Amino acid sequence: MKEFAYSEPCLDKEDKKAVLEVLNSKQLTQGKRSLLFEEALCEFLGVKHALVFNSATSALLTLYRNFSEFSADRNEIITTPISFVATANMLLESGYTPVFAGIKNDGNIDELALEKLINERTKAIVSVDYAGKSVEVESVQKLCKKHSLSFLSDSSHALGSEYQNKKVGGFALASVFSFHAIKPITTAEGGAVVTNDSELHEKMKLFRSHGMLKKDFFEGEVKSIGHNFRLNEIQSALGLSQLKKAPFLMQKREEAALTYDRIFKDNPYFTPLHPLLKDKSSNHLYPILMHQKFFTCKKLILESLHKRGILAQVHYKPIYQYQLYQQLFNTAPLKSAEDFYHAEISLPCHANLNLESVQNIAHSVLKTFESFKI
């Protein structure tokens, strides 16, 4: 064999050490470490508040449910069809109707194609930093200010990524990050909502934990519902430990990407996105875009790659194509999204991928594409 998944977790002696001491403690959850992890996120991102969750999908639900109250008259939210289905499933769960915008070459939501989709039902815009590349923040901030819309950012891919030399996380009303096993850094399962809005932070904090407010050690008060989406102490210690070396892990991915770039440069088969970056990316993904000619035999290419141990993946199937979304709003397919979908392949890319591996992978990808003459 010799099989490379598209991403994998990268833990070290430190991470493990960090988890041990927690197991020695009487305080396994709702303890000092999640608070520490939250503060460390704040300093890393330069934002004013941070909340950690069991998953980013819980984070998303919490944000959608709490950034404003729900009004049946302001029930539309614009977002991208190119993202993990979770971005939209949580919109549904919060009563909102997703309105799918066109995307651009780089997989990011098309900021120029947003305004025509706004009507008096439009409440918010939910962008996704695809592969860790920050969307056109300045452009969207303004569109929303102009139309009194809330700017929400699913930045699951992008912890560490920058826009105009400023870290992603601060730009939206709130931003979501993910610490799933295979994201930039991990807590096995995990997520976070950061924001500069204290009131929002507070509402979310409660929603995350039963809506319980304290009085004394013996009694509480509940003025509104909440769940249990808390991140426990074991995972928080892991997160803290992972975050400390976040820039290091990002750079490893960056170097892997540069190696891909050297070898793919000017190839006749596909176009890699990484070279086109203007700001630092978390490099959560290393996507390549096939030329139109290869579309109709994509499946065979993926299988060919998999036969070489390159467990490639596609991000993402346009969300509106899922049976549930068809069922609910027969959504007209979007040329930009459909094209990107058929074209995109994410190659193996994570902090533990060494020089030798990248080169073997990069050459196998080329050998594969060329085998399918014209």
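Counting begins at 1, following the sequence as shown.
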{"property": "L117 - Cα temperature factor, lowest/middle/highest third of chain", "result": "highest"}
{"property": "Third of chain Cα B-factors occupied by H315", "result": "lowest"}
{"property": "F217 - which third its CA temperature factor falls in, relative to the rest of the chain", "result": "highest"}
{"property": "Among modelled residues of the same chain, the CA temperature factor third for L366", "result": "middle"}
{"property": "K13 - Cα temperature factor, lowest/middle/highest third of chain", "result": "middle"}
